[PDB]
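Don't worry about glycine lacking a Cβ; one is built from the backbone with ideal geometry, like all the others, and counts go over all protein chains shown. Any read-out appearing in this document is the output of simple, stated calculations on the displayed coordinates, not a laboratory observation.
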Amino acid sequence: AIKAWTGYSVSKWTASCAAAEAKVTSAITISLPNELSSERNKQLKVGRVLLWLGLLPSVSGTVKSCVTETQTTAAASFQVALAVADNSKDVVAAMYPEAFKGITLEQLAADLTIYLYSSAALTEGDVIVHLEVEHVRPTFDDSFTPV
Amino acid sequence: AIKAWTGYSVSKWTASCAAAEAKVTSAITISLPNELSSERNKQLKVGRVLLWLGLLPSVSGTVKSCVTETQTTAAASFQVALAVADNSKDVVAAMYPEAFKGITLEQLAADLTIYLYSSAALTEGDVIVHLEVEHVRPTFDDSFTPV
Amino acid sequence: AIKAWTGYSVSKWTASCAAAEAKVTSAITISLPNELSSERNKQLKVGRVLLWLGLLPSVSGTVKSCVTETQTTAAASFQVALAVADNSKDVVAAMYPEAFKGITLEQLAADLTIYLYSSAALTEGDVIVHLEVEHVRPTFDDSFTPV
Amino acid sequence: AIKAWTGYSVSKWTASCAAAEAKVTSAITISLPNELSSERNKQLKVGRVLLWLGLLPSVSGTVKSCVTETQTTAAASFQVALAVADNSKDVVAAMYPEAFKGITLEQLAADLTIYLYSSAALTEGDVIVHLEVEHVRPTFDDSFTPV
Amino acid sequence: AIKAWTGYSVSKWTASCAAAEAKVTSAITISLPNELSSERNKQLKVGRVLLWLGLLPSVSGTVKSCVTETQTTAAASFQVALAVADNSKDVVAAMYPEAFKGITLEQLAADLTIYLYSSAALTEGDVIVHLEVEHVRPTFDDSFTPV
Amino acid sequence: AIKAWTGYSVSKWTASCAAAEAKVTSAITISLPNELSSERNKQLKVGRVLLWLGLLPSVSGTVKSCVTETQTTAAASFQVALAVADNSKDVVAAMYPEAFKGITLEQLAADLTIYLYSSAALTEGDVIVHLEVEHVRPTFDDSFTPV
Amino acid sequence: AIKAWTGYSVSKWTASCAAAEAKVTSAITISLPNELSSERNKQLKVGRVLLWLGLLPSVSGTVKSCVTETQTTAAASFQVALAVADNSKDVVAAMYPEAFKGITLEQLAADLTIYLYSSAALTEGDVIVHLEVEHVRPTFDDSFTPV
């Protein structure tokens, strides 16, 4: 498997798709994990992003998803996507990686967002949208307070 | 300033005292900070503990506090304390240190607890009970999943 | 990412195709931006051209596009094209690292044109066509309006 | 004719005023051209500014214009102006240049505004207002993406 | 534009004037700007004074102003003034400069005053009188107190 | 005595606390000195802050003061303060200095405030809180306007 | 892109196939381009041959072509061909190159021929067979005649 750079680090989380009618593009918002939620960590720099997708077997249609800046109408977002994850492939992935170097981890919570499309309708949680983020290593204080 | 050992790391948090009548002991319960709350980190090992105290200047009487195993009547807890933090001293804190080597960080949330006493009444937040914990360095996954 | 040569530069502009019935081929016409439309900058020489295509996900069929000298019957244009961009590929692009070397930027406005084909119908905004063009860095007036 | 400093550059743009009744002052608003309205170039620093005026000969009386920070009542603006252009002169110009050194080109788009006054009525297009601006040489995109 | 001497410095401020009937001479009282109002700065010495004038364009008469020692009845002061600024001239200005070398900035607040005349009536804010003063540079404490 | 950095400068001012009953904490608001009140200077940046104290000799209690971000109930601020000035010490001063590097002088007027405590009652002017601030040098224009 | 050897040179031309019913194999005759038709040039020697293909996009079948010695019944030639160009592949080209080293350009006009096959019917100009040839450089006389 792929390795992060020296001085970089990995974390992973999850979100579930909202129910939606066919051909509609839905939107999903990135919320940070608790391990990074403090004001010390939000100012770290992103190094790579790796969207991923997995699905329960009764979903029959095409399914596509991507990471972009937030686009003012949801469906249009794919038109600037530097790659698209796609259940028509053998492997349903979209490793960028170069898209977001030097962006603050705050900004990856602020306005980068995840979009999802299916040619058939979805019920809640029919799709699970993993995400993986590789970023500058978090640090904890090396010493107690003074007395 | 005091350094943590190699492979160990600092962290800090807070709790505030409830209102209490004079010469009554009160309990305070440790709850872990968000940075440590995950199932990966709760199983780490404690290395040192450092109770500390700070107080707003109108508080007149004695104030004493300690960290112990939970004692079935609150006032009795001091009678097993390996040291006591005490506003009679010049420096109020009470470094133990090695009362708790090899205890699980979960257990430091489970049943080690903080007790506080004053010979005069307190109103809410009149005392701020800092804490520091020095513990094995948290680790994050070095690599992405397989595709 | 791919760099231009020393002293060369890049610019980008956009077009959205009109509606078309299935299997029709449609033309798209270049127009120069204002900074390049000066009589000082129009005389620059093209170094590379890069066609790039993106589409909203509901376009189900094949989509193909290419750059050619303007053909009197539009559908034939692909037959002369030195390369074709095609949504059957993994990356929907076509690079021409040779075809237009040394052509004047005016001529790239005059008689090179972009062609687009789809095996299913299209409606306005269903496809976005980029172009990227590389040339020696343009220049700006060094002085105000004189005497 | 006057030249920009070493490493500085020039740009020019135009506006044509709306109709106005006699002695009423009116406002003219800057908008940046696209090549400057990049997030790379918007943050460049202004070096000199020149207001220049021209008119068709049937405009009978005095015409005056000036550049100021925006004013709450438009007619007052001349009173703050570091210089005024005035068709009573032989040459209808007003080079500042000191007024705006070090202001951001975005700010020159934001809140510097141009005012115009005539001692007789005006109809659309009876007056043309130039502006010239000097700033450090703008730059263009030049590079490849990664994989 | 003209620079101040080494160790001298420029400051600038505004005064309006009240309504007046035609041919009436009026007085404007100098008050120091806030940047200089403290008892440290008042004892600095003046090097040059520049009177300057502007007006909103509907003012039709002549307008004249000057700086003088304060006079028992305002109109007479023009006969004493070393120079007059005058809207009939090419430049509506009067650099003195010799009048006030070595006068204390407090004295420039005390008994030098500004006089203003117009051949037609005026209303509040029709004429705005700038003043510009060149004077020994202000200074501040280079050192903290003793502890 | 300690000196400000190159390009930085010292200024000093005053505030007098109101009357208060014993053990009451009180607040003091940082109004700027007139020498810095103009819009040109408010956007300078702070380098160090130096709280100081003095009192007329009949004040019998302890007295303590500190500089903090403004707090919901005044007494709490001593628990947040990075250092405390104190009449009981050998010298009462409490040079921070790290607390406010790079903060805007406007912000030092906005939401940093002074807190004061005494273990005995006070009357108007019994305690006088000096303050001293080290900050980027104030500057004045080098030249007159155009004529 | 691939280059010809020193002393060798590139030239390129065209032929358009006639209409044919499905599964019919057809032949195409290699007429020389005018630039090489003179008796001086026909005795040059071939270095490489590069068959190429393109088609207008509505052609629905498979299409295959190859270069061989002329064969008694056209379909058989695919069984003799050293390589086959093919629309079903990732890229349709079929660079030989070994097939014809040292053959005379006259012979490449005489008895080498192009064969073309489609699994569906064709109409005139649906398929366009480019060809590219790399061969000993054409030369022109260095001097006038004697007078």
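Which residue is surrounded by the fewest Cβ atoms within 10 Å (Cβ to Cβ), if the candidates are limited to region A:13-61 and must be among the charged types (D, E, K, R) and in contact (Cβ under 8 Å) with a residue 40 or more places away in the chain?
A:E21
Restricting to region E:86-120, count the residues that are surrounded by 13 or more Cβ atoms within 10 Å (Cβ to Cβ), among the hydrophobic types (A, V, I, L, M, F, W, C) and either in contact with a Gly (Cβ under 6 Å, 6 or more places away or on another chain) or more than 18 Å from E:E134 (Cα to Cα) (or both).
Looking only at that region, the number is 3.
If you check B:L122 against the conditions, is it of a type in the set (A, V, I, L, M) and either within 14 Å of chain F (Cβ to nearest Cβ) or under 30 Å from F:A20 (Cβ atoms) (or both)?
yes
Of the residues C:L53, C:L131, only one is within 14 Å of chain D (Cβ to nearest Cβ), assigned to a strand (DSSP E or B) and aliphatic (A, V, I, L, M); which?
Exactly one of C:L53, C:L131 is within 14 Å of chain D (Cβ to nearest Cβ), assigned to a strand (DSSP E or B) and aliphatic (A, V, I, L, M), namely C:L131.
Pull up region A:38-50, narrow it to residues that are hydrophobic (A, V, I, L, M, F, W, C) and farther than 28 Å from A:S88 by Cα, then point me to the one that is farthest from the other protein chains (Cβ to nearest Cβ).
If we take residues in region A:38-50 being hydrophobic (A, V, I, L, M, F, W, C) and farther than 28 Å from A:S88 by Cα, then A:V46 is farthest from the other protein chains (Cβ to nearest Cβ).
Filter region E:98-119 for residues that are closer than 20 Å to E:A15 by Cβ and in a loop (DSSP other than H, G, I, E, B); which is farthest from the chain's Cα centre (by Cα)?
The selected residue is E:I103.
Taking the stated definitions as given, is F:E35 at negative phi and either part of a loop (DSSP other than H, G, I, E, B) or within 11 Å of another protein chain (Cβ to nearest Cβ) (or both)?
yes
Could you list, in sequence order, the residues of region B:9-32 that are within 18 Å of B:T104 (Cβ to Cβ), more than 9 Å from every other protein chain (Cβ to nearest Cβ) and either small (G, A, S) or outside any loop (DSSP other than H, G, I, E, B) (or both)?
B:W13, B:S31
Exactly one condition in (1) under 30 Å from E:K42 (Cα atoms); (2) within 14 Å of chain E (Cβ to nearest Cβ) is not met by F:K89; state its number.
(1)
Select from region A:56-92 the residues that are among the aliphatic types (A, V, I, L, M) and assigned to a loop (DSSP other than H, G, I, E, B) and write down the one among them that is farthest from the chain's Cα centre (by Cα).
Looking at the filtered set, the residue picked out is A:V59.
Which one of these is farther than 20 Å from B:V147 by Cα, among the aliphatic types (A, V, I, L, M), surrounded by fewer than 16 Cβ atoms within 10 Å (Cβ to Cβ) and within 14 Å of another protein chain (Cβ to nearest Cβ): A:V147, A:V136?
Residue meeting the stated conditions: A:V147.
Which number in (1) under 14 Å from the mean Cα position of the chain (by Cα); (2) more than 13 Å from B:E132 (Cβ to Cβ) marks the one condition that B:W13 misses?
The one condition B:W13 does not meet is (2).
Give the residue that is farthest from the other protein chains (Cβ to nearest Cβ), with candidates limited to residues of region F:62-83 that are surrounded by fewer than 15 Cβ atoms within 10 Å (Cβ to Cβ) and not aliphatic (A, V, I, L, M).
F:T70
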